[PDB]
Amino acid sequence: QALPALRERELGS
Amino acid sequence: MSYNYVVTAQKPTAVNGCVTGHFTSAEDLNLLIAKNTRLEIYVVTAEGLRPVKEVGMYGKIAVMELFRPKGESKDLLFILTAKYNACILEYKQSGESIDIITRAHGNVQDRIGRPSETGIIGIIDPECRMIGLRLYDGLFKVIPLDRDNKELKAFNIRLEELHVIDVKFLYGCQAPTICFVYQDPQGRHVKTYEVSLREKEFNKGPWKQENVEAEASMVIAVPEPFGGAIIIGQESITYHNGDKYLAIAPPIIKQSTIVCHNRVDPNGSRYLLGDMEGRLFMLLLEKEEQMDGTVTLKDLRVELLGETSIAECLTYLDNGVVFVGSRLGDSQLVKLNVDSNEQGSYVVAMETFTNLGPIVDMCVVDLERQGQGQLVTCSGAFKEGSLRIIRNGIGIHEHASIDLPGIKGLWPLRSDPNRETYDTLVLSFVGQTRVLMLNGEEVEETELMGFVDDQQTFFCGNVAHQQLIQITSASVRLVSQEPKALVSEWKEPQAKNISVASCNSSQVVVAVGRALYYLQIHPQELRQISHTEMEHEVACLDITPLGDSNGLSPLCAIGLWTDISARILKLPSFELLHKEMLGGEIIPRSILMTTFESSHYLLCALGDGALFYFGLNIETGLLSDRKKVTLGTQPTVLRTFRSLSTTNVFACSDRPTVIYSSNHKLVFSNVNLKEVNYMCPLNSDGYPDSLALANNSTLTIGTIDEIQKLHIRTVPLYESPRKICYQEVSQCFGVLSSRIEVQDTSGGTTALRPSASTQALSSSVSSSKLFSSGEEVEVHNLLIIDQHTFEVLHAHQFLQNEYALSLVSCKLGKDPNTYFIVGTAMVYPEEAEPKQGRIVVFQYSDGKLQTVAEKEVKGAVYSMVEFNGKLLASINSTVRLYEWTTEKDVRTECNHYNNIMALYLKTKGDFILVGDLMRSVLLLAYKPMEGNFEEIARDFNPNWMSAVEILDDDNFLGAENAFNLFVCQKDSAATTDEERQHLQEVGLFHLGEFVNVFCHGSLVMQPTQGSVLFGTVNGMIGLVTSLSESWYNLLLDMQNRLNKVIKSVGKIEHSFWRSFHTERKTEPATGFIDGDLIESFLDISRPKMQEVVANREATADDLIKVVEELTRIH
């Protein structure tokens, strides 16, 4: 999803 | 034209990789920890880690391996930059000067080739015959290891399989042989290829392609007694060989994915394994013997040893010692015992190293009501979550503040030989002397017998053997601990006045202007010794019994008036050794000697504030290194202090500086004080372990802080904070957090550990009813945090499957109350994006968290800012400007619409806006026309944004997925129905760092203009500033000179490293000056420094000062 991506882009891969 | 200057205010703290081996000495154990661009070099000890060498590089390290071929002494290092920079390193000492060399290097990328899943895999064959690289999707790169190949020429071989997951080389195979897990429409498989480099072919591996699980993600190769491949997936572990196959699925490992591994015993019997949980597993293979060939395997079982910070990197060291490389938390040193304790943990933490970790969000907050700013970063993730309070400079704890104008010195004193709790202190006054004896915490000024109170005291220390000393203008008087009067006395045999003085226990050197005398103290009497005259007038002296003697001092040194010099000498014989001639026109004001762990130091301070450092040997009495620093612009008084085991040097000035110890080096950093004139250690029964201070007027006392420039607090949250806000009228932080919970047997969720929201001092959940129509679920929270205590005042829990995305703390319209406003979204794994969400306006009272007003939205609330008493939210792709009625309710007005997914917003004061997701940035104007939006200008490049900040009315700074910074500004040309519509990219740059957050603020203050801090994923804290036209043109140039003079580590071009880089293009960087490289100047040899300056004017030793005024923006 768009958000499951956005709490992982703030952390790194 | 956009002139910009970036600086690393704090190096990246995330460990990205680490390795062990003998890189320093063939009989040494090394820990090689790569950060992003940094590379820490350690040697292992009984304690743990002796630091050895820390260097940066021009690139993100992505591969780091140690290897040692035949015909080589010690191990060499192989590094590969993310910009495809190969290079072979070697450690080389010339005795005391340490060097890392470049044995080979080249650039190993190809024009063709999609970079793949899991990214770069680099691997070296066991025989050191080659270096195998899976840079690209579908090809395999070989760097054929020869004695030649100093430019690492590499051939590629075609791969039939275009999706590899992990690859190793296998021990005990005829040729070089690889082993890998690939993917295809049938699923996951294992395969081997024998790599003959003669024919540049792939041939066929030693055993037939078998089948691994639909989650296999690690190949572990195994050494000489065994051979074979251990393959790790989820919920299963397999061992592969010729036709030997072994497998086990222990329920323990199912729970979470084993991410990182490491061999413990060389014979490959015991391995370590990391989890997302932070669980430390022990992979043990069972030895089985047929006795006439080699050794086989019976089985292999997995034991849970305990708990670590979420391990990204893993390495066993000497004895039980395991270094844990964390990315989401603090790296650490960890001991493996044989025996469990409480809760069954064979793991015992030894040391915990501060990682500022994934900086998700931060803000600048004073918290000291001064002028300086603390920074408070939401760091970590999951159990490692935390706030970090970053405070610049060493600070003072004050106890009493007595108003005495014109103090001239102070020394440690006691009125009883028994107690070492110094119950007295004598100060030098304005040509006078007043006693200060302590009834405890009571300041008492009386008279003391045998001490003159109408002359001016020069020294007053602790001469042992029952005595109290008072050197002054005329005589040097004496008192004892038996009678207390005139026990003895010394007078200059002419009636001439004493000038400079130095003294310890049983040793005194004075000066009468060029004249010298050496004294002694014994039971009750003052006895004079040798005498010699000197070239010019004595400006300063120092004597102290060092680490080779007990109360008496071997060698000596001074600095005098006319020649402006520093003299090395002997003590009883008074002879002259090797002086160090100094430049300048002002006296040397102070001179000293020190001792820490290993080394002896001779420091001299000048009159205009500058300071020179040299190394005086306790034996040889020879020169050392030369360099010049600035402190204040006033004279500097040098004293020595007690802190911890390392007892250090306090430099008194108008800009007070402390001199601790780093690795063997002496620290040199600011002290948060008005202005400091004279200072000493203490330990009274009213103020123990204290440091005494004086200036213009007013005394101060009390314990000193830490070391270093950056002080770090840490408030362990145990969950994961998403964003942070500071309501100062309320005196508390609002912080969005997130905890993961697990599906339970009844039908709900629980918790895995006590987090911040659970063990919160007071809580509340949501009651809204607006929605209808192996399982982990995130639970979200607003947290209220006291700024003084950093306890959790309150924790509000949001709805089920509702995530809280954004936070603001503002006053809206004519509402006198300040609020917390939280943007949210409803998430469920069918829809690619949210089509729901809320906007809640919270109010915090006496100590109460009130839900004031809610509002529904048909999409996620990504960010939101206080515009002009109006709330400006981005809702999935509509960007909408709310207003605040007297009703206490959010009502709409306008809303733009030309977005793909509006992720970020920033407001330039008046009426201006910015920012998108996969299409760079926009720029908007609010019109007090009809409250209507008008799209001013937009960037037309295709950037994948990650952070946006408006620098000034024109300069817009953007950050992006490919670690690149850029800057936009609006075109100011004619025909403005088109050229106005576009804003040009006036400055590109490769930070080499994923930028999460920008904001305004500085860590210092009460040459440049503006100041914008940024936090990154690797924990690096940066600083952007804007520049004046001339200052750029100078700096860009002197930046170009520096490249020629500074020898790059992997032999990497700095201009290449700094170049803008997406998959679909590369440009050289404009409008961007890394002061990191500019700061590289001040650590250059004077010969290679003069070079930089060959050519309104150009100097030589004036730039050395300009680069000073820069290292003071943080």
# chains A, B, ... in the order shown; residues from 1 in each chain; ligands from 1

$ residues_around --residues "residue 11 of chain A" --least-positions-apart "6" --cutoff "12 Å" --atoms "only C-alpha atoms" --output "JSON, numbers by chain"
{"A": [4, 5], "B": [14, 327, 328, 329, 357, 358, 359, 360, 361, 378, 379, 380, 381, 382, 385, 720, 721, 722, 946, 994, 995, 996, 1015, 1016, 1017, 1018, 1019]}

$ write_last_selection --atoms "N, CA, C and O atoms" --output "short mmCIF file (atom, residue, chain, number, x, y, z; two decimals), in the first residue's frame"
data_model
loop_
_atom_site.label_atom_id
_atom_site.label_comp_id
_atom_site.auth_asym_id
_atom_site.auth_seq_id
_atom_site.Cartn_x
_atom_site.Cartn_y
_atom_site.Cartn_z
N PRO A 4 1.92 1.63 4.29
CA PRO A 4 2.91 0.58 4.52
C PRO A 4 4.26 0.84 3.84
O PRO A 4 5.28 0.32 4.29
N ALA A 5 4.26 1.64 2.77
CA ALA A 5 5.50 2.09 2.14
C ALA A 5 6.12 3.28 2.88
O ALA A 5 7.35 3.40 2.95
N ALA B 14 24.39 5.12 12.45
CA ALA B 14 23.88 3.79 12.13
C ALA B 14 25.00 2.94 11.57
O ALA B 14 25.70 3.35 10.63
N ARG B 327 20.73 -0.69 13.37
CA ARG B 327 20.36 0.39 12.48
C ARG B 327 19.17 1.15 13.06
O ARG B 327 19.06 2.36 12.90
N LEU B 328 18.30 0.42 13.74
CA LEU B 328 17.10 1.01 14.31
C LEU B 328 17.28 1.34 15.78
O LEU B 328 16.38 1.90 16.40
N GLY B 329 18.44 0.99 16.34
CA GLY B 329 18.72 1.20 17.75
C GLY B 329 20.21 1.34 18.00
O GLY B 329 21.00 1.37 17.06
N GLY B 357 20.00 6.90 15.30
CA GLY B 357 19.10 6.00 14.55
C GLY B 357 18.20 6.67 13.54
O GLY B 357 18.40 7.84 13.21
N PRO B 358 17.19 5.92 13.04
CA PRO B 358 16.25 6.54 12.12
C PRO B 358 15.67 7.80 12.74
O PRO B 358 14.82 7.73 13.63
N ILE B 359 16.18 8.95 12.33
CA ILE B 359 15.57 10.22 12.67
C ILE B 359 14.38 10.38 11.74
O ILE B 359 14.52 10.62 10.54
N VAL B 360 13.19 10.18 12.31
CA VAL B 360 11.96 10.22 11.56
C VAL B 360 11.53 11.67 11.51
O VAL B 360 11.05 12.16 10.48
N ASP B 361 11.72 12.36 12.64
CA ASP B 361 11.22 13.71 12.83
C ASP B 361 11.91 14.35 14.03
O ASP B 361 12.32 13.65 14.95
N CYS B 378 12.85 12.29 17.27
CA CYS B 378 12.21 10.98 17.35
C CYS B 378 13.14 10.02 16.65
O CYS B 378 13.32 10.12 15.44
N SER B 379 13.74 9.12 17.41
CA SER B 379 14.70 8.18 16.86
C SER B 379 14.20 6.76 17.02
O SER B 379 13.11 6.53 17.57
N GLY B 380 14.99 5.80 16.54
CA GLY B 380 14.68 4.39 16.69
C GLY B 380 13.39 4.00 16.02
O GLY B 380 12.78 4.79 15.29
N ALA B 381 12.98 2.76 16.28
CA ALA B 381 11.77 2.15 15.71
C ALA B 381 11.48 0.87 16.44
O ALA B 381 12.40 0.16 16.83
N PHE B 382 10.21 0.55 16.62
CA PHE B 382 9.82 -0.64 17.37
C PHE B 382 10.46 -0.53 18.76
O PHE B 382 10.60 0.58 19.27
N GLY B 385 12.63 2.52 19.87
CA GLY B 385 12.15 3.89 19.79
C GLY B 385 12.53 4.74 20.98
O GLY B 385 12.65 4.25 22.09
N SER B 720 7.66 3.36 18.88
CA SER B 720 8.22 4.03 17.72
C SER B 720 7.49 5.31 17.41
O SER B 720 6.33 5.28 17.01
N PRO B 721 8.18 6.44 17.56
CA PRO B 721 7.54 7.73 17.44
C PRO B 721 7.55 8.20 16.00
O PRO B 721 8.58 8.06 15.32
N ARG B 722 6.43 8.73 15.51
CA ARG B 722 6.36 9.16 14.10
C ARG B 722 6.62 10.66 13.90
O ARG B 722 7.44 11.03 13.06
N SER B 946 11.28 13.40 -0.53
CA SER B 946 11.31 12.87 0.83
C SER B 946 11.29 13.95 1.92
O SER B 946 10.99 13.66 3.08
N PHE B 994 19.58 9.66 3.00
CA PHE B 994 18.11 9.79 2.93
C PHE B 994 17.61 10.82 3.94
O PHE B 994 17.74 10.62 5.14
N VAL B 995 17.02 11.90 3.45
CA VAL B 995 16.67 13.00 4.34
C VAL B 995 15.22 12.93 4.76
O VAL B 995 14.33 13.11 3.94
N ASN B 996 14.99 12.66 6.05
CA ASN B 996 13.64 12.59 6.60
C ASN B 996 13.04 13.95 6.90
O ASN B 996 11.90 14.21 6.52
N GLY B 1015 17.59 15.97 9.75
CA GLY B 1015 17.80 14.63 10.30
C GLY B 1015 17.61 13.57 9.23
O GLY B 1015 16.72 13.68 8.39
N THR B 1016 18.46 12.55 9.27
CA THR B 1016 18.49 11.49 8.25
C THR B 1016 18.25 10.11 8.83
O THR B 1016 18.21 9.92 10.03
N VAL B 1017 18.13 9.12 7.95
CA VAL B 1017 17.87 7.74 8.34
C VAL B 1017 19.05 7.08 9.06
O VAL B 1017 18.87 6.21 9.92
N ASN B 1018 20.26 7.49 8.70
CA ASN B 1018 21.47 6.91 9.24
C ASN B 1018 21.86 7.57 10.54
O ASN B 1018 22.85 7.19 11.17
N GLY B 1019 21.08 8.58 10.93
CA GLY B 1019 21.26 9.26 12.21
C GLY B 1019 22.15 10.49 12.13
O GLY B 1019 22.41 11.15 13.14
#

$ closest_atom_pairs --of "chain A" --to "chain B" --cutoff "6 Å" --atoms "only C-alpha atoms" --output "tab-separated table"
residue	atom	partner	partner_atom	distance
A:1	CA	B:832	CA	4.4
A:2	CA	B:833	CA	5.2
A:10	CA	B:360	CA	5.9
A:11	CA	B:358	CA	5.6

$ closest_residue --among "B:171, B:125, B:1006, B:400" --to "residue 369 of chain B" --atoms "only C-alpha atoms"
B:1006

$ select_by_dssp --residues "segment 861-1066 of chain B" --states "strand (DSSP E or B)" --output "NGL selection string"
:B and (864-866 or 871-876 or 878-884 or 890-891 or 913-914 or 922-927 or 932-938 or 945-950 or 956-960 or 964-970 or 982-990 or 995-1000 or 1009-1016 or 1021-1026 or 1060-1062 or 1065-1066)

$ residues_around --residues "residue 240 of chain B" --least-positions-apart "4" --cutoff "7 Å" --atoms "only C-alpha atoms" --output "PDB file with N, CA, C and O atoms, in the first residue's frame"
ATOM      1  N   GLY B 228      29.523 -27.295   2.038  1.00  0.00           N
ATOM      2  CA  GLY B 228      28.076 -27.325   1.842  1.00  0.00           C
ATOM      3  C   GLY B 228      27.465 -25.952   2.028  1.00  0.00           C
ATOM      4  O   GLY B 228      28.179 -24.982   2.298  1.00  0.00           O
ATOM      5  N   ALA B 229      26.146 -25.866   1.891  1.00  0.00           N
ATOM      6  CA  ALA B 229      25.451 -24.586   1.992  1.00  0.00           C
ATOM      7  C   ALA B 229      24.275 -24.642   2.946  1.00  0.00           C
ATOM      8  O   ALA B 229      23.339 -25.409   2.745  1.00  0.00           O
ATOM      9  N   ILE B 230      24.329 -23.827   3.989  1.00  0.00           N
ATOM     10  CA  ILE B 230      23.204 -23.689   4.891  1.00  0.00           C
ATOM     11  C   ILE B 230      22.298 -22.607   4.339  1.00  0.00           C
ATOM     12  O   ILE B 230      22.741 -21.484   4.126  1.00  0.00           O
ATOM     13  N   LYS B 244      23.704 -35.037   0.016  1.00  0.00           N
ATOM     14  CA  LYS B 244      23.378 -34.892   1.419  1.00  0.00           C
ATOM     15  C   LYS B 244      22.448 -33.692   1.582  1.00  0.00           C
ATOM     16  O   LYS B 244      22.724 -32.602   1.074  1.00  0.00           O
ATOM     17  N   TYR B 245      21.338 -33.921   2.277  1.00  0.00           N
ATOM     18  CA  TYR B 245      20.342 -32.893   2.565  1.00  0.00           C
ATOM     19  C   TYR B 245      19.917 -33.030   4.023  1.00  0.00           C
ATOM     20  O   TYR B 245      19.661 -34.141   4.485  1.00  0.00           O
ATOM     21  N   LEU B 246      19.855 -31.912   4.746  1.00  0.00           N
ATOM     22  CA  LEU B 246      19.368 -31.907   6.131  1.00  0.00           C
ATOM     23  C   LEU B 246      18.452 -30.723   6.386  1.00  0.00           C
ATOM     24  O   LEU B 246      18.738 -29.618   5.932  1.00  0.00           O
TER      25      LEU B 246
END

$ residues_around --residues "residue 372 of chain B" --least-positions-apart "6" --cutoff "6 Å" --atoms "only C-alpha atoms" --output "VMD selection string"
chain B and resid 1003 to 1005

$ write_last_selection --atoms "N, CA and C atoms" --output "CSV table (one decimal), in the first residue's frame"
chain,number,residue,atom,x,y,z
B,1003,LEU,N,22.0,25.0,16.9
B,1003,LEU,CA,22.4,24.4,18.2
B,1003,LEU,C,23.2,25.3,19.1
B,1004,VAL,N,23.6,26.4,18.5
B,1004,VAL,CA,24.5,27.4,19.2
B,1004,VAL,C,24.0,28.8,19.3
B,1005,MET,N,24.9,29.8,19.4
B,1005,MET,CA,24.6,31.2,19.6
B,1005,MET,C,24.3,31.6,21.0

$ closest_residue --among "B:985, B:953, B:993, B:447" --to "residue 1067 of chain B" --atoms "only C-alpha atoms"
B:985

$ residues_around --residues "residue 307 of chain B" --least-positions-apart "5" --cutoff "7 Å" --atoms "only C-alpha atoms" --output "number ranges by chain"
B: 278-280, 347

$ residues_around --residues "residue 498 of chain B" --least-positions-apart "5" --cutoff "10 Å" --atoms "only C-alpha atoms" --output "number ranges by chain"
B: 458, 471-476, 491-492, 510-513, 515-516

$ atom_distance --atom1 "atom CA of residue 456 of chain B" --atom2 "atom CA of residue 479 of chain B"
17.0 Å

$ atom_distance --atom1 "atom CA of residue 272 of chain B" --atom2 "atom CA of residue 316 of chain B"
8.2 Å

$ residues_around --residues "residue 1094 of chain B" --least-positions-apart "4" --cutoff "12 Å" --atoms "only C-alpha atoms" --output "JSON, numbers by chain"
{"B": [1037, 1038, 1041, 1088, 1089, 1090, 1098, 1099, 1100]}

$ write_last_selection --atoms "N, CA, C and O atoms" --output "compact mmCIF listing (two decimals), in the first residue's frame"
# COMPACT_ATOMS: atom_id res chain seq x y z
N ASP B 1037 36.14 27.50 -5.33
CA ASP B 1037 37.49 27.44 -5.84
C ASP B 1037 38.40 26.75 -4.84
O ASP B 1037 39.00 25.73 -5.15
N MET B 1038 38.51 27.31 -3.63
CA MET B 1038 39.36 26.71 -2.61
C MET B 1038 38.93 25.26 -2.30
O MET B 1038 39.68 24.49 -1.71
N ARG B 1041 40.86 23.41 -5.22
CA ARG B 1041 42.26 23.29 -4.83
C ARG B 1041 42.47 22.10 -3.89
O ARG B 1041 43.39 21.31 -4.07
N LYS B 1088 51.43 21.54 2.56
CA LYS B 1088 50.34 21.31 1.61
C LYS B 1088 49.21 22.34 1.79
O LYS B 1088 48.23 22.34 1.03
N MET B 1089 49.36 23.20 2.79
CA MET B 1089 48.42 24.28 3.05
C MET B 1089 48.76 25.52 2.22
O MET B 1089 47.88 26.17 1.65
N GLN B 1090 50.06 25.84 2.16
CA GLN B 1090 50.58 26.95 1.37
C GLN B 1090 50.22 26.78 -0.10
O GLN B 1090 50.01 27.77 -0.81
N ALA B 1098 44.77 37.36 -1.97
CA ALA B 1098 44.87 35.99 -1.47
C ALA B 1098 46.08 35.92 -0.52
O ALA B 1098 47.15 36.44 -0.84
N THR B 1099 45.89 35.28 0.64
CA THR B 1099 46.91 35.30 1.69
C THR B 1099 47.66 33.96 1.84
O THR B 1099 48.55 33.66 1.04
N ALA B 1100 47.29 33.20 2.87
CA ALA B 1100 47.90 31.91 3.23
C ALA B 1100 47.39 31.49 4.60
O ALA B 1100 46.68 30.49 4.74
